[PDB]
Amino acid sequence: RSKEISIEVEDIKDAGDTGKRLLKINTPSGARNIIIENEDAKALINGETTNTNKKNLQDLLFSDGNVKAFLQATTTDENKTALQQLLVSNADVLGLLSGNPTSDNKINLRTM
Amino acid sequence: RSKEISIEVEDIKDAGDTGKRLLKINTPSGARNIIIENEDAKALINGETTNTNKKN
């Protein structure tokens, strides 16, 4: 009358749906496919990201939109103004970096 | 003896603690919650990151 009575996964009456899928899975990749629903996060964990995955992960990682544009290597003139302000504190130098200094900036830049 | 045999997760005597939690879990999200302890890494894998998660 046998020795072991090897039950199967579906015999475990209080196992959950994800729990049974995991118990059946053979490899770590298969387990990650069950557990991680966000496709961008799954791509990071698999070490295999497209440019779209990268942009989407950057959206999860950074709040500032001007920083995000810099990280995408695509900045508008407005993004550039804001990024200049993160990099330089002197108002007259910020005027120079804009390419369009005010009259006051010009006087102060010459003095500088 | 009837031969179908219904055995529950806790009948598996050499199953590990995490192993039994995974066998019971119903969805991939539930599995990720068991497996990934670092909250910032879990957030990346879930595709749902705060600014704090991003910095970390």
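Residue numbers (the entry's author numbering), protein chains in the order written: chain 7a, 114 to 225; chain 9Q, 114 to 169.
For each residue, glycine too, the CB sits at the ideal point set by N, CA and C.
Test item: CB-CB of residue i and residue j under 9 Å
i: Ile120 (chain 9Q); j: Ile118 (chain 7a); result: yes
i: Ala182 (chain 7a); j: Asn169 (chain 7a); result: no
i: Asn166 (chain 7a); j: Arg145 (chain 7a); result: no
i: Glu161 (chain 9Q); j: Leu173 (chain 7a); result: yes
i: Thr131 (chain 9Q); j: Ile148 (chain 9Q); result: yes
i: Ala204 (chain 7a); j: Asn213 (chain 7a); result: no
Outcome for residue i when other beta-carbon atoms lying within 10 angstroms are tallied against a minimum of 16
i: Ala156 (chain 7a); result: buried
i: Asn151 (chain 7a); result: buried
i: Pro141 (chain 7a); result: exposed
i: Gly143 (chain 9Q); result: buried
i: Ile125 (chain 7a); result: buried
Close beta carbons around residue i, own chain, < 8 Å, minus the five adjacent residues each side
i: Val122 (chain 9Q); result: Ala128, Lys133, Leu136, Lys137
i: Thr188 (chain 7a); result: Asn179, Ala182, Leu196
i: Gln171 (chain 7a); result: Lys181, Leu184, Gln185
i: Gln198 (chain 7a); result: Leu207
i: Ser211 (chain 7a); result: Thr194, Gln197
Identity of the residues DSSP links to residue i by a beta bridge
i: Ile138 (chain 9Q); result: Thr131 (chain 7a)
Proximal residues to residue i (C-beta, below 6 Å), its chain only, five neighbours per side dropped
i: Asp153 (chain 9Q); result: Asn166, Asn169
i: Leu209 (chain 7a); result: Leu222
i: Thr194 (chain 7a); result: none
i: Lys116 (chain 7a); result: none
i: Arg114 (chain 7a); result: none
Short CB-CB distance (under 9 Å) between residue i and chain 9Q
i: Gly212 (chain 7a); result: no
i: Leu173 (chain 7a); result: yes
i: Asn192 (chain 7a); result: no
i: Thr165 (chain 7a); result: no
Any chain 7a beta carbon closer than 9 Å to residue i
i: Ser119 (chain 9Q); result: yes
i: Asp124 (chain 9Q); result: yes
i: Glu161 (chain 9Q); result: yes
i: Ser115 (chain 9Q); result: no
Residues near residue i in its chain [Cβ-Cβ closer than 7 Å; skip 5 each side]
i: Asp190 (chain 7a); result: none
i: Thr224 (chain 7a); result: none
i: residue 232 (chain 7a); result: Given a span of 114 to 225 for chain 7a in the structure shown, any question on residue 232 (chain 7a) remains unanswerable.
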